[PDB]
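Q: My structure file work.cif, mmCIF, N, CA and C atoms, is below:
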data_my_file
loop_
_atom_site.label_atom_id
_atom_site.label_comp_id
_atom_site.auth_asym_id
_atom_site.auth_seq_id
_atom_site.Cartn_x
_atom_site.Cartn_y
_atom_site.Cartn_z
N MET H 1 -16.75 -6.29 -0.76
CA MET H 1 -17.21 -5.95 -2.12
C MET H 1 -17.20 -4.43 -2.31
N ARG H 2 -16.74 -3.96 -3.48
CA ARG H 2 -16.51 -2.53 -3.82
C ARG H 2 -15.52 -1.81 -2.88
N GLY H 3 -14.60 -2.53 -2.24
CA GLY H 3 -13.57 -1.95 -1.36
C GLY H 3 -12.45 -1.21 -2.11
N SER H 4 -12.12 -1.64 -3.33
CA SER H 4 -11.12 -0.99 -4.20
C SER H 4 -11.60 0.36 -4.76
N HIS H 5 -10.67 1.30 -4.95
CA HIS H 5 -10.94 2.62 -5.55
C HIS H 5 -11.18 2.57 -7.07
N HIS H 6 -11.78 3.62 -7.63
CA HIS H 6 -11.87 3.84 -9.08
C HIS H 6 -10.56 4.40 -9.66
N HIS H 7 -10.08 3.84 -10.77
CA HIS H 7 -8.90 4.33 -11.50
C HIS H 7 -9.00 4.07 -13.01
N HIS H 8 -8.36 4.93 -13.82
CA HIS H 8 -8.55 5.01 -15.28
C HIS H 8 -7.24 4.98 -16.08
N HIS H 9 -7.34 4.86 -17.41
CA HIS H 9 -6.20 4.94 -18.34
C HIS H 9 -5.49 6.30 -18.30
N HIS H 10 -4.16 6.31 -18.43
CA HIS H 10 -3.32 7.50 -18.25
C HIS H 10 -2.35 7.73 -19.43
N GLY H 11 -1.90 8.97 -19.59
CA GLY H 11 -0.94 9.40 -20.63
C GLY H 11 -0.43 10.85 -20.50
N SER H 12 -0.70 11.54 -19.38
CA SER H 12 -0.24 12.90 -19.07
C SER H 12 0.91 12.89 -18.04
N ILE H 13 1.52 14.05 -17.77
CA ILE H 13 2.66 14.21 -16.85
C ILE H 13 2.41 13.62 -15.44
N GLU H 14 3.43 13.00 -14.82
CA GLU H 14 3.36 12.47 -13.45
C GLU H 14 3.44 13.61 -12.40
N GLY H 15 2.34 14.35 -12.23
CA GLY H 15 2.17 15.30 -11.12
C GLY H 15 1.99 14.57 -9.78
N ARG H 16 2.17 15.27 -8.65
CA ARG H 16 2.01 14.68 -7.31
C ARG H 16 0.58 14.19 -7.05
N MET H 17 0.47 13.14 -6.25
CA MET H 17 -0.79 12.57 -5.78
C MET H 17 -1.50 13.54 -4.83
N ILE H 18 -2.82 13.68 -4.95
CA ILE H 18 -3.60 14.57 -4.08
C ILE H 18 -4.10 13.81 -2.85
N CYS H 19 -3.51 14.11 -1.70
CA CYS H 19 -4.07 13.69 -0.42
C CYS H 19 -5.16 14.69 -0.02
N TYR H 20 -5.78 14.43 1.12
CA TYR H 20 -6.66 15.35 1.78
C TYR H 20 -6.43 15.28 3.29
N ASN H 21 -7.03 16.23 3.98
CA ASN H 21 -6.67 16.65 5.34
C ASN H 21 -7.85 17.08 6.22
N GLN H 22 -9.05 16.59 5.93
CA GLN H 22 -10.28 17.08 6.57
C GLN H 22 -10.30 16.91 8.10
N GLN H 23 -11.08 17.75 8.79
CA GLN H 23 -11.02 17.87 10.25
C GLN H 23 -12.42 18.15 10.84
N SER H 24 -12.68 17.82 12.11
CA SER H 24 -13.99 17.96 12.78
C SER H 24 -14.67 19.35 12.80
N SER H 25 -14.04 20.40 12.25
CA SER H 25 -14.61 21.73 11.97
C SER H 25 -14.40 22.21 10.51
N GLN H 26 -13.64 21.47 9.69
CA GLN H 26 -13.16 21.89 8.36
C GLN H 26 -13.59 20.91 7.23
N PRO H 27 -14.04 21.40 6.06
CA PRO H 27 -14.53 20.57 4.94
C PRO H 27 -13.55 19.50 4.39
N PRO H 28 -14.03 18.53 3.58
CA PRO H 28 -13.20 17.59 2.80
C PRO H 28 -12.23 18.37 1.90
N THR H 29 -10.99 18.55 2.39
CA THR H 29 -10.01 19.50 1.83
C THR H 29 -8.71 18.87 1.34
N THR H 30 -8.43 19.09 0.06
CA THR H 30 -7.40 18.45 -0.79
C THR H 30 -6.08 19.21 -0.88
N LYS H 31 -4.98 18.48 -1.13
CA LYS H 31 -3.63 19.02 -1.40
C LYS H 31 -2.68 17.96 -1.95
N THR H 32 -1.71 18.38 -2.75
CA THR H 32 -0.59 17.54 -3.18
C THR H 32 0.40 17.26 -2.05
N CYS H 33 0.77 15.99 -1.89
CA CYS H 33 1.78 15.51 -0.94
C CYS H 33 2.56 14.31 -1.51
N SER H 34 3.77 14.10 -1.01
CA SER H 34 4.58 12.89 -1.22
C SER H 34 5.32 12.49 0.06
N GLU H 35 4.62 12.55 1.19
CA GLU H 35 5.08 11.98 2.46
C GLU H 35 5.18 10.45 2.35
N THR H 36 5.75 9.78 3.35
CA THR H 36 5.84 8.30 3.34
C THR H 36 4.46 7.63 3.46
N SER H 37 3.43 8.36 3.91
CA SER H 37 2.02 7.93 3.99
C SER H 37 1.07 9.11 4.22
N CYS H 38 -0.19 8.98 3.81
CA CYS H 38 -1.33 9.82 4.19
C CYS H 38 -2.16 9.04 5.22
N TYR H 39 -2.85 9.71 6.14
CA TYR H 39 -3.29 9.02 7.36
C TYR H 39 -4.71 9.35 7.89
N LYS H 40 -5.13 8.71 9.00
CA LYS H 40 -6.33 9.00 9.83
C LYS H 40 -6.01 8.79 11.33
N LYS H 41 -6.47 9.68 12.22
CA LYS H 41 -6.40 9.49 13.69
C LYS H 41 -7.44 10.33 14.46
N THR H 42 -7.68 9.94 15.71
CA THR H 42 -8.78 10.44 16.57
C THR H 42 -8.37 10.30 18.03
N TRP H 43 -8.71 11.28 18.87
CA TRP H 43 -8.47 11.25 20.32
C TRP H 43 -9.41 12.20 21.08
N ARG H 44 -9.29 12.21 22.41
CA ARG H 44 -9.98 13.17 23.30
C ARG H 44 -9.04 14.27 23.77
N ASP H 45 -9.45 15.53 23.63
CA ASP H 45 -8.65 16.73 23.93
C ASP H 45 -9.55 17.84 24.49
N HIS H 46 -9.04 19.06 24.70
CA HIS H 46 -9.84 20.18 25.26
C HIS H 46 -11.13 20.46 24.47
N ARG H 47 -11.07 20.40 23.13
CA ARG H 47 -12.23 20.56 22.22
C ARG H 47 -13.27 19.42 22.29
N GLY H 48 -12.96 18.29 22.95
CA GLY H 48 -13.77 17.07 22.98
C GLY H 48 -13.11 15.92 22.22
N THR H 49 -13.90 15.04 21.61
CA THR H 49 -13.41 14.02 20.66
C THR H 49 -13.25 14.69 19.30
N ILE H 50 -12.01 14.89 18.87
CA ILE H 50 -11.62 15.61 17.65
C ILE H 50 -11.22 14.62 16.54
N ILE H 51 -11.45 14.96 15.26
CA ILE H 51 -11.19 14.04 14.14
C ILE H 51 -10.15 14.61 13.18
N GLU H 52 -9.12 13.83 12.87
CA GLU H 52 -7.92 14.29 12.17
C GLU H 52 -7.41 13.39 11.03
N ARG H 53 -6.86 14.04 10.00
CA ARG H 53 -6.06 13.43 8.93
C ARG H 53 -5.16 14.46 8.25
N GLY H 54 -4.01 14.01 7.77
CA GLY H 54 -3.13 14.78 6.89
C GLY H 54 -2.11 13.91 6.15
N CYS H 55 -1.08 14.55 5.59
CA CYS H 55 0.08 13.88 4.99
C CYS H 55 1.17 13.68 6.07
N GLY H 56 1.72 12.47 6.22
CA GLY H 56 2.77 12.13 7.19
C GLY H 56 2.32 11.13 8.25
N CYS H 57 3.27 10.43 8.87
CA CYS H 57 3.02 9.39 9.87
C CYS H 57 4.09 9.28 10.99
N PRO H 58 4.57 10.40 11.60
CA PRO H 58 5.48 10.34 12.75
C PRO H 58 4.81 9.72 13.99
N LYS H 59 5.61 9.26 14.96
CA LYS H 59 5.14 8.74 16.25
C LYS H 59 4.24 9.73 17.01
N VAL H 60 3.28 9.21 17.78
CA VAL H 60 2.20 9.97 18.43
C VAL H 60 2.18 9.78 19.95
N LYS H 61 1.40 10.61 20.65
CA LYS H 61 1.10 10.45 22.09
C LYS H 61 0.15 9.26 22.34
N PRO H 62 0.24 8.56 23.49
CA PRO H 62 -0.53 7.34 23.76
C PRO H 62 -2.03 7.62 23.90
N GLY H 63 -2.85 6.66 23.47
CA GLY H 63 -4.31 6.73 23.42
C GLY H 63 -4.88 7.34 22.12
N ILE H 64 -4.05 7.92 21.25
CA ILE H 64 -4.49 8.31 19.90
C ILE H 64 -4.54 7.07 18.99
N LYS H 65 -5.61 6.92 18.21
CA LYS H 65 -5.87 5.76 17.34
C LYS H 65 -5.35 6.04 15.92
N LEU H 66 -4.04 5.86 15.69
CA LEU H 66 -3.35 6.18 14.43
C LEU H 66 -3.52 5.09 13.35
N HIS H 67 -3.65 5.49 12.08
CA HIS H 67 -3.53 4.59 10.92
C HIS H 67 -3.04 5.38 9.71
N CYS H 68 -2.18 4.81 8.86
CA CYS H 68 -1.56 5.57 7.76
C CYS H 68 -1.23 4.70 6.52
N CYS H 69 -1.86 5.00 5.37
CA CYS H 69 -1.73 4.34 4.06
C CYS H 69 -0.78 5.12 3.12
N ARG H 70 -0.25 4.49 2.07
CA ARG H 70 0.86 5.06 1.28
C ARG H 70 0.61 6.37 0.50
N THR H 71 -0.55 6.61 -0.12
CA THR H 71 -0.75 7.75 -1.07
C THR H 71 -2.15 8.35 -1.07
N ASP H 72 -2.29 9.57 -1.58
CA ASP H 72 -3.56 10.23 -1.91
C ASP H 72 -4.69 10.06 -0.87
N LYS H 73 -5.90 9.73 -1.32
CA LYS H 73 -7.08 9.31 -0.58
C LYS H 73 -7.01 7.84 -0.13
N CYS H 74 -5.88 7.12 -0.22
CA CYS H 74 -5.86 5.68 0.07
C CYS H 74 -6.09 5.36 1.55
N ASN H 75 -5.97 6.34 2.46
CA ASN H 75 -6.38 6.17 3.85
C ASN H 75 -7.87 6.48 4.06
N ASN H 76 -8.30 7.64 3.57
CA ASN H 76 -9.67 8.15 3.60
C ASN H 76 -10.35 8.06 4.97
#
Show the structure stored in the file as structure tokens.

A:
Amino acid sequence: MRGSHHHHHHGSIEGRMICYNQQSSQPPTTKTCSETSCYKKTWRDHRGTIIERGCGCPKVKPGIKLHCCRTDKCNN
């Protein structure tokens, strides 16, 4: 229940979708992207357990927990 996002009526120019890229030291931070997906992933590294997201979904190193949705905040 309430799993779907909020969306509204439209009539302005088709500008790029705003993804975001927030990180375990950096605020909820936005940008325009048109990669094949926007994503979420997490692993253990020199800094400890670090938290990651950005635009794009290339192959990763083993033990990283990758997930990647098509547009904007749709991964979150």

Q: Quick check on the file I pasted: which residues fall under the PyMOL selection byres ((chain H and resi 65) around 8)? Write them as a ChimeraX atom specification.

A: /H:40-44,61-64,66-68

Q: Suppose we keep N, CA and C atoms; can you now write the selection as a PDB file, in the frame of the given file?

A:
ATOM      1  N   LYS H  40      -5.130   8.710   9.000  1.00  0.00           N
ATOM      2  CA  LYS H  40      -6.330   9.000   9.830  1.00  0.00           C
ATOM      3  C   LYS H  40      -6.010   8.790  11.330  1.00  0.00           C
ATOM      4  N   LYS H  41      -6.470   9.680  12.220  1.00  0.00           N
ATOM      5  CA  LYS H  41      -6.400   9.490  13.690  1.00  0.00           C
ATOM      6  C   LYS H  41      -7.440  10.330  14.460  1.00  0.00           C
ATOM      7  N   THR H  42      -7.680   9.940  15.710  1.00  0.00           N
ATOM      8  CA  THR H  42      -8.780  10.440  16.570  1.00  0.00           C
ATOM      9  C   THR H  42      -8.370  10.300  18.030  1.00  0.00           C
ATOM     10  N   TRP H  43      -8.710  11.280  18.870  1.00  0.00           N
ATOM     11  CA  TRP H  43      -8.470  11.250  20.320  1.00  0.00           C
ATOM     12  C   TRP H  43      -9.410  12.200  21.080  1.00  0.00           C
ATOM     13  N   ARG H  44      -9.290  12.210  22.410  1.00  0.00           N
ATOM     14  CA  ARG H  44      -9.980  13.170  23.300  1.00  0.00           C
ATOM     15  C   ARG H  44      -9.040  14.270  23.770  1.00  0.00           C
ATOM     16  N   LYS H  61       1.400  10.610  20.650  1.00  0.00           N
ATOM     17  CA  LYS H  61       1.100  10.450  22.090  1.00  0.00           C
ATOM     18  C   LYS H  61       0.150   9.260  22.340  1.00  0.00           C
ATOM     19  N   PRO H  62       0.240   8.560  23.490  1.00  0.00           N
ATOM     20  CA  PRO H  62      -0.530   7.340  23.760  1.00  0.00           C
ATOM     21  C   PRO H  62      -2.030   7.620  23.900  1.00  0.00           C
ATOM     22  N   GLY H  63      -2.850   6.660  23.470  1.00  0.00           N
ATOM     23  CA  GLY H  63      -4.310   6.730  23.420  1.00  0.00           C
ATOM     24  C   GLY H  63      -4.880   7.340  22.120  1.00  0.00           C
ATOM     25  N   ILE H  64      -4.050   7.920  21.250  1.00  0.00           N
ATOM     26  CA  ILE H  64      -4.490   8.310  19.900  1.00  0.00           C
ATOM     27  C   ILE H  64      -4.540   7.070  18.990  1.00  0.00           C
ATOM     28  N   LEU H  66      -4.040   5.860  15.690  1.00  0.00           N
ATOM     29  CA  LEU H  66      -3.350   6.180  14.430  1.00  0.00           C
ATOM     30  C   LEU H  66      -3.520   5.090  13.350  1.00  0.00           C
ATOM     31  N   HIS H  67      -3.650   5.490  12.080  1.00  0.00           N
ATOM     32  CA  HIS H  67      -3.530   4.590  10.920  1.00  0.00           C
ATOM     33  C   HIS H  67      -3.040   5.380   9.710  1.00  0.00           C
ATOM     34  N   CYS H  68      -2.180   4.810   8.860  1.00  0.00           N
ATOM     35  CA  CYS H  68      -1.560   5.570   7.760  1.00  0.00           C
ATOM     36  C   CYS H  68      -1.230   4.700   6.520  1.00  0.00           C
TER      37      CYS H  68
END

Q: Around the point (-5.4, 7.6, 2.9), in the coordinates given by the file, pick out the residues reaching within 12 Å, counting only C-alpha atoms, and return them as a PyMOL selection string.

A: chain H and resi 5+17-22+30+33+35-41+52-57+66-76

Q: Using Å and a single decimal, report how far atom N of residue 48 of chain H sits from atom CA of residue 24 of chain H.

A: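 Atom N of residue 48 of chain H lies 10.2 Å from atom CA of residue 24 of chain H.
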
Q: Interatomic distance between atom CA of residue 58 of chain H and atom CA of residue 46 of chain H?

A: 22.1 Å

Q: Please run DSSP on the backbone and report, as a PyMOL selection string, all residues within chain H that come out as strand (DSSP E).

A: chain H and resi 18-20+30-32+38-45+48-52+67-69

Q: If you keep N, CA and C atoms, can you produce a file of those selected residues as a PDB file, in the frame of the given file?

A:
ATOM      1  N   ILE H  18      -2.820  13.680  -4.950  1.00  0.00           N
ATOM      2  CA  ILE H  18      -3.600  14.570  -4.080  1.00  0.00           C
ATOM      3  C   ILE H  18      -4.100  13.810  -2.850  1.00  0.00           C
ATOM      4  N   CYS H  19      -3.510  14.110  -1.700  1.00  0.00           N
ATOM      5  CA  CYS H  19      -4.070  13.690  -0.420  1.00  0.00           C
ATOM      6  C   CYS H  19      -5.160  14.690  -0.020  1.00  0.00           C
ATOM      7  N   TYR H  20      -5.780  14.430   1.120  1.00  0.00           N
ATOM      8  CA  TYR H  20      -6.660  15.350   1.780  1.00  0.00           C
ATOM      9  C   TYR H  20      -6.430  15.280   3.290  1.00  0.00           C
ATOM     10  N   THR H  30      -8.430  19.090   0.060  1.00  0.00           N
ATOM     11  CA  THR H  30      -7.400  18.450  -0.790  1.00  0.00           C
ATOM     12  C   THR H  30      -6.080  19.210  -0.880  1.00  0.00           C
ATOM     13  N   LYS H  31      -4.980  18.480  -1.130  1.00  0.00           N
ATOM     14  CA  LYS H  31      -3.630  19.020  -1.400  1.00  0.00           C
ATOM     15  C   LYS H  31      -2.680  17.960  -1.950  1.00  0.00           C
ATOM     16  N   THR H  32      -1.710  18.380  -2.750  1.00  0.00           N
ATOM     17  CA  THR H  32      -0.590  17.540  -3.180  1.00  0.00           C
ATOM     18  C   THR H  32       0.400  17.260  -2.050  1.00  0.00           C
ATOM     19  N   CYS H  38      -0.190   8.980   3.810  1.00  0.00           N
ATOM     20  CA  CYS H  38      -1.330   9.820   4.190  1.00  0.00           C
ATOM     21  C   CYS H  38      -2.160   9.040   5.220  1.00  0.00           C
ATOM     22  N   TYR H  39      -2.850   9.710   6.140  1.00  0.00           N
ATOM     23  CA  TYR H  39      -3.290   9.020   7.360  1.00  0.00           C
ATOM     24  C   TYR H  39      -4.710   9.350   7.890  1.00  0.00           C
ATOM     25  N   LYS H  40      -5.130   8.710   9.000  1.00  0.00           N
ATOM     26  CA  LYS H  40      -6.330   9.000   9.830  1.00  0.00           C
ATOM     27  C   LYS H  40      -6.010   8.790  11.330  1.00  0.00           C
ATOM     28  N   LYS H  41      -6.470   9.680  12.220  1.00  0.00           N
ATOM     29  CA  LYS H  41      -6.400   9.490  13.690  1.00  0.00           C
ATOM     30  C   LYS H  41      -7.440  10.330  14.460  1.00  0.00           C
ATOM     31  N   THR H  42      -7.680   9.940  15.710  1.00  0.00           N
ATOM     32  CA  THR H  42      -8.780  10.440  16.570  1.00  0.00           C
ATOM     33  C   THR H  42      -8.370  10.300  18.030  1.00  0.00           C
ATOM     34  N   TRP H  43      -8.710  11.280  18.870  1.00  0.00           N
ATOM     35  CA  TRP H  43      -8.470  11.250  20.320  1.00  0.00           C
ATOM     36  C   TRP H  43      -9.410  12.200  21.080  1.00  0.00           C
ATOM     37  N   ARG H  44      -9.290  12.210  22.410  1.00  0.00           N
ATOM     38  CA  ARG H  44      -9.980  13.170  23.300  1.00  0.00           C
ATOM     39  C   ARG H  44      -9.040  14.270  23.770  1.00  0.00           C
ATOM     40  N   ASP H  45      -9.450  15.530  23.630  1.00  0.00           N
ATOM     41  CA  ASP H  45      -8.650  16.730  23.930  1.00  0.00           C
ATOM     42  C   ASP H  45      -9.550  17.840  24.490  1.00  0.00           C
ATOM     43  N   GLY H  48     -12.960  18.290  22.950  1.00  0.00           N
ATOM     44  CA  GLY H  48     -13.770  17.070  22.980  1.00  0.00           C
ATOM     45  C   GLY H  48     -13.110  15.920  22.220  1.00  0.00           C
ATOM     46  N   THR H  49     -13.900  15.040  21.610  1.00  0.00           N
ATOM     47  CA  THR H  49     -13.410  14.020  20.660  1.00  0.00           C
ATOM     48  C   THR H  49     -13.250  14.690  19.300  1.00  0.00           C
ATOM     49  N   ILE H  50     -12.010  14.890  18.870  1.00  0.00           N
ATOM     50  CA  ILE H  50     -11.620  15.610  17.650  1.00  0.00           C
ATOM     51  C   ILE H  50     -11.220  14.620  16.540  1.00  0.00           C
ATOM     52  N   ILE H  51     -11.450  14.960  15.260  1.00  0.00           N
ATOM     53  CA  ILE H  51     -11.190  14.040  14.140  1.00  0.00           C
ATOM     54  C   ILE H  51     -10.150  14.610  13.180  1.00  0.00           C
ATOM     55  N   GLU H  52      -9.120  13.830  12.870  1.00  0.00           N
ATOM     56  CA  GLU H  52      -7.920  14.290  12.170  1.00  0.00           C
ATOM     57  C   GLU H  52      -7.410  13.390  11.030  1.00  0.00           C
ATOM     58  N   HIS H  67      -3.650   5.490  12.080  1.00  0.00           N
ATOM     59  CA  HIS H  67      -3.530   4.590  10.920  1.00  0.00           C
ATOM     60  C   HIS H  67      -3.040   5.380   9.710  1.00  0.00           C
ATOM     61  N   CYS H  68      -2.180   4.810   8.860  1.00  0.00           N
ATOM     62  CA  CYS H  68      -1.560   5.570   7.760  1.00  0.00           C
ATOM     63  C   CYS H  68      -1.230   4.700   6.520  1.00  0.00           C
ATOM     64  N   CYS H  69      -1.860   5.000   5.370  1.00  0.00           N
ATOM     65  CA  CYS H  69      -1.730   4.340   4.060  1.00  0.00           C
ATOM     66  C   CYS H  69      -0.780   5.120   3.120  1.00  0.00           C
TER      67      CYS H  69
END

Q: Using atom N of residue 49 of chain H and atom N of residue 27 of chain H as the two end points, give the distance in Å to one decimal.

A: 16.8 Å

Q: Give me segment 23-49 of chain H with N, CA, C and O atoms filled in, as a compact mmCIF listing (two decimals), in the coordinates of the input.

A:
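Result went into result_32.txt, see below:
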# COMPACT_ATOMS: atom_id res chain seq x y z
N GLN H 23 -11.08 17.75 8.79
CA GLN H 23 -11.02 17.87 10.25
C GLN H 23 -12.42 18.15 10.84
O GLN H 23 -13.28 18.67 10.13
N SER H 24 -12.68 17.82 12.11
CA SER H 24 -13.99 17.96 12.78
C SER H 24 -14.67 19.35 12.80
O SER H 24 -15.80 19.46 13.27
N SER H 25 -14.04 20.40 12.25
CA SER H 25 -14.61 21.73 11.97
C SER H 25 -14.40 22.21 10.51
O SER H 25 -14.93 23.25 10.11
N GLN H 26 -13.64 21.47 9.69
CA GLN H 26 -13.16 21.89 8.36
C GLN H 26 -13.59 20.91 7.23
O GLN H 26 -13.48 19.69 7.43
N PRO H 27 -14.04 21.40 6.06
CA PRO H 27 -14.53 20.57 4.94
C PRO H 27 -13.55 19.50 4.39
O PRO H 27 -12.34 19.57 4.66
N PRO H 28 -14.03 18.53 3.58
CA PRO H 28 -13.20 17.59 2.80
C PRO H 28 -12.23 18.37 1.90
O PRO H 28 -12.58 18.81 0.81
N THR H 29 -10.99 18.55 2.39
CA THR H 29 -10.01 19.50 1.83
C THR H 29 -8.71 18.87 1.34
O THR H 29 -7.96 18.25 2.10
N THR H 30 -8.43 19.09 0.06
CA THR H 30 -7.40 18.45 -0.79
C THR H 30 -6.08 19.21 -0.88
O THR H 30 -6.04 20.44 -0.73
N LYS H 31 -4.98 18.48 -1.13
CA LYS H 31 -3.63 19.02 -1.40
C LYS H 31 -2.68 17.96 -1.95
O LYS H 31 -2.76 16.79 -1.59
N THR H 32 -1.71 18.38 -2.75
CA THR H 32 -0.59 17.54 -3.18
C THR H 32 0.40 17.26 -2.05
O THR H 32 0.87 18.18 -1.37
N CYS H 33 0.77 15.99 -1.89
CA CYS H 33 1.78 15.51 -0.94
C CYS H 33 2.56 14.31 -1.51
O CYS H 33 2.05 13.57 -2.36
N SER H 34 3.77 14.10 -1.01
CA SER H 34 4.58 12.89 -1.22
C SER H 34 5.32 12.49 0.06
O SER H 34 6.50 12.13 0.07
N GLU H 35 4.62 12.55 1.19
CA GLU H 35 5.08 11.98 2.46
C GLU H 35 5.18 10.45 2.35
O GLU H 35 4.76 9.85 1.36
N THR H 36 5.75 9.78 3.35
CA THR H 36 5.84 8.30 3.34
C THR H 36 4.46 7.63 3.46
O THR H 36 4.34 6.45 3.15
N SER H 37 3.43 8.36 3.91
CA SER H 37 2.02 7.93 3.99
C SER H 37 1.07 9.11 4.22
O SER H 37 1.47 10.12 4.80
N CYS H 38 -0.19 8.98 3.81
CA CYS H 38 -1.33 9.82 4.19
C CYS H 38 -2.16 9.04 5.22
O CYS H 38 -2.15 7.81 5.21
N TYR H 39 -2.85 9.71 6.14
CA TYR H 39 -3.29 9.02 7.36
C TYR H 39 -4.71 9.35 7.89
O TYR H 39 -5.44 10.13 7.29
N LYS H 40 -5.13 8.71 9.00
CA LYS H 40 -6.33 9.00 9.83
C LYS H 40 -6.01 8.79 11.33
O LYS H 40 -5.35 7.81 11.67
N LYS H 41 -6.47 9.68 12.22
CA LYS H 41 -6.40 9.49 13.69
C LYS H 41 -7.44 10.33 14.46
O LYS H 41 -8.01 11.27 13.92
N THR H 42 -7.68 9.94 15.71
CA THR H 42 -8.78 10.44 16.57
C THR H 42 -8.37 10.30 18.03
O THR H 42 -7.73 9.30 18.38
N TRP H 43 -8.71 11.28 18.87
CA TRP H 43 -8.47 11.25 20.32
C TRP H 43 -9.41 12.20 21.08
O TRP H 43 -10.23 12.89 20.48
N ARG H 44 -9.29 12.21 22.41
CA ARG H 44 -9.98 13.17 23.30
C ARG H 44 -9.04 14.27 23.77
O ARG H 44 -7.94 13.98 24.26
N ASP H 45 -9.45 15.53 23.63
CA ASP H 45 -8.65 16.73 23.93
C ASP H 45 -9.55 17.84 24.49
O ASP H 45 -10.74 17.60 24.76
N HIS H 46 -9.04 19.06 24.70
CA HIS H 46 -9.84 20.18 25.26
C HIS H 46 -11.13 20.46 24.47
O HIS H 46 -12.18 20.67 25.06
N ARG H 47 -11.07 20.40 23.13
CA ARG H 47 -12.23 20.56 22.22
C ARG H 47 -13.27 19.42 22.29
O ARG H 47 -14.36 19.58 21.76
N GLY H 48 -12.96 18.29 22.95
CA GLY H 48 -13.77 17.07 22.98
C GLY H 48 -13.11 15.92 22.22
O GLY H 48 -11.88 15.83 22.17
N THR H 49 -13.90 15.04 21.61
CA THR H 49 -13.41 14.02 20.66
C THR H 49 -13.25 14.69 19.30
O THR H 49 -14.24 15.08 18.67
